[PDB]
Amino acid sequence: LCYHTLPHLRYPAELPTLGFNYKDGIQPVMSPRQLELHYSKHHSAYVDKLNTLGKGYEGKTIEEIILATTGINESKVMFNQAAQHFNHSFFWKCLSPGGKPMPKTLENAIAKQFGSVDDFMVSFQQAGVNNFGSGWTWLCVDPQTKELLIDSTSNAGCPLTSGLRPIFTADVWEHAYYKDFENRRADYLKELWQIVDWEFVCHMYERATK
Amino acid sequence: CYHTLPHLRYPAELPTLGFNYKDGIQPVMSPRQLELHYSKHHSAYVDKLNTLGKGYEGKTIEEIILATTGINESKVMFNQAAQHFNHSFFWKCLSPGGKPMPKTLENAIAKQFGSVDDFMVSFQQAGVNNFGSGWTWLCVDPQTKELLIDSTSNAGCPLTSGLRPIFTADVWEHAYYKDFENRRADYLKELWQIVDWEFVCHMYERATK
Ligand SMILES: [Fe+2]
Ligand SMILES: [Fe+2]
């Protein structure tokens with residue numbers, strides 16, 4: 001009985017149903033093959049591995065597994081699969097072919113924190129570029145202060161392990177962009193905005209700041 | 001102290017490859033895979049390190065790595081120097097068509113691991129299981145003269161724990177994604193075919209002296 005970022009995301013794990021047709025990629029940014037690799041190979045493997053480890057978590061959220069395994073050395077393998085499952089699921093919810101325009105509520109909140117949407121985007125791209133190795137770049141709500149914050153994590157790291165509430169993420173594991181952008185992570189992050197589902201981000205913002 | 005690459009020095013320079021960098025590393029790495037890895041990834045580490053290393057002129061890259069390891073203020077330089085060393089060492093480990101394993105190294109591997117095939121499977125598994133970006137290494141422990149498989153994350157480098165590498169496989173996704181996409185396991189299985197075991201054996205002989 002507490003807030004979850006994705007309360008519908010539960011164990012036994014399942015690859016999530018995408019808001020759109022997989023075979024089309026996520027135009028204009030991600031090709032069909034880039035999405036197929038990422039979703040049908042990478043994400044699918046985390047779902048499959050997690051299902052060999054999570055006995056006892058039936059009916060519970062994936063976030064509950066993350067929170068029960070975080071910082072525990074003997075549980076690193078399960079933590080990594082559960083967090084990656086959650087991280088990818090959340091990522092797909094953040095995206096849509098051609099994007100969705102940012103509602104006024106969200107625009108105001110982003111400008112109130114960062115000065116403008118443009119200044120937030122510049123800062124967000126920079127944090128993603130600078131995230132050494134594999135990981136994720138996040139926009140989160142701090143529920144105590146109501147601040148919006150950019151946070152980067154390494155590998156399977158997830159800001160909800162520190163009590164932050166994600167509202168947007170960009171995967172910056174090299175596999176997220178290597179098929180279409182090769183080494184060009186900066187270009188990937190700049191182009192990614194064209195496919196962000198800002199309606200989902202705004203929905204997350206409203207519930208996270210309540 | 002012992003250096004793995006005593007000729008790899010600052011100011012940093014992309015190393016000359018023992019082969020033509022436009023022809024890839026057949027039969028495993030395509031020309032474009034090698035061009036990206038060397039001319040983009042490795043090249044950016046070199047360039048960035050050269051913005052940071054003033055004062056280290058004439059020193060080994062490994063001395064920079066030792067001077068910056070575990071120091072929070074120097075994380076960025078550590079990452080560049082370590083990655084420059086790791087990639088330069090990787091390229092020496094590889095050759096088109098490979099080079100056959102000399103008996104001395106064959107015997108040492110089989111003594112440590114049970115057999116060469118046992119070593120290879122164990123090494124492949126460690127690379128597959130190295131979560132995220134990193135490197136999987138065959139090293140000599142100079143305190144025992146034993147061989148061991150060691151995995152590192154990100155720019156992590158065995159020398160910071162007093163180990164002497166003799167072989168490494170890059171398992172950053174960029175090392176294999178062009179030719180193998182998500183198939184890291186296949187990459188590691190196929191990588192044996194371009195391994196320069198003459199260099200690996202030279203390193204073994206040197207590390208255990
Ligand atoms: Fe991913
Ligand atoms: Fe690399």
Side-chain angles (χ1 to χ4, degrees), chain A residues 15-16 18 26 30 34-47 49 80-81 83-95 128 131-138 153-158 169-183 185 188-189 192, chain B residues 14-15 17 21 25 29 33-46 48 79-94 127 130-137 152-157 168-182 184 187-188 191:
Chain A
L15 261 192
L18 298 176
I26 319 182
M30 286 181 196
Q34 174 71 92
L35 179 60
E36 178 180 29
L37 292 170
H38 202 169
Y39 175 81
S40 296
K41 317 292 173 193
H42 293 273
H43 193 175
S44 184
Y46 294 121
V47 165
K49 182 66 175 200
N80 286 337
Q81 306 299 300
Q84 287 292 79
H85 175 39
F86 169 89
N87 294 339
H88 286 84
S89 297
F90 187 74
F91 193 45
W92 307 134
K93 296 293 272 182
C94 291
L95 313 171
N131 197 21
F132 188 67
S134 311
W136 299 85
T137 299
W138 301 90
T153 55
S154 168
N155 293 347
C158 184
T169 198
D171 190 358
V172 296
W173 282 63
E174 292 179 306
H175 73 240
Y177 58 88
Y178 218 82
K179 181 71 187 186
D180 299 340
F181 290 91
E182 306 174 322
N183 62 292
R185 186 192 287 186
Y188 154 66
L189 292 164
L192 190 59
Chain B
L14 273 173
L17 302 179
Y21 79 90
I25 315 171
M29 286 174 197
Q33 173 73 91
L34 188 63
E35 167 183 333
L36 289 172
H37 203 170
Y38 177 82
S39 308
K40 303 296 178 171
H41 295 280
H42 193 176
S43 188
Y45 294 123
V46 169
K48 180 71 157 159
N79 283 346
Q80 310 307 297
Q83 285 294 82
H84 174 38
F85 171 88
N86 294 340
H87 285 87
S88 299
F89 187 76
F90 194 41
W91 304 133
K92 287 173 90 71
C93 282
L94 308 172
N130 194 3
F131 190 78
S133 308
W135 299 79
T136 292
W137 304 87
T152 57
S153 169
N154 294 354
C157 192
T168 191
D170 194 355
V171 295
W172 286 60
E173 301 181 310
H174 69 239
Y176 58 85
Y177 220 79
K178 179 59 82 192
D179 301 331
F180 294 86
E181 288 168 321
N182 67 293
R184 184 194 284 192
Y187 160 65
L188 288 165
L191 183 66

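Below, chain A is the first sequence line, B the second, and so on; all start at residue 1. Only this structure's heavy atoms are used, side chains among them; waters, hydrogens and symmetry mates stay out. Indexing begins at 1, ligand by ligand and atom by atom, following the structure's order.
- Annotation: side chain of A:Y188 is in contact with side chain of A:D171 (closest heavy-atom distance under 4.5 Å).
- No side-chain heavy atom of B:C157 sits under 4.5 Å from any side-chain heavy atom of B:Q83.
- Among residues two or more places apart in sequence or in another chain, the side-chain hydrogen bond (donor to acceptor under 3.5 Å, both in side chains) test is passed with A:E182 by A:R184, B:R32, B:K178.
- Between A:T169 atom OG1 and A:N87 atom CG the span is 6.5 Å, to the nearest 0.5 Å.
- Every residue was checked against the side-chain hydrogen bond (donor to acceptor under 3.5 Å, both in side chains) condition with A:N131, not counting sequence neighbours, and none meets it.
- Tally of protein N, O or S atoms closer to the Fe ion (ligand 2) than 2.8 Å: 4.
- With sequence neighbours excluded, the residues forming a side-chain hydrogen bond (donor to acceptor under 3.5 Å, both in side chains) with B:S133 are A:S134, listed by chain and number.
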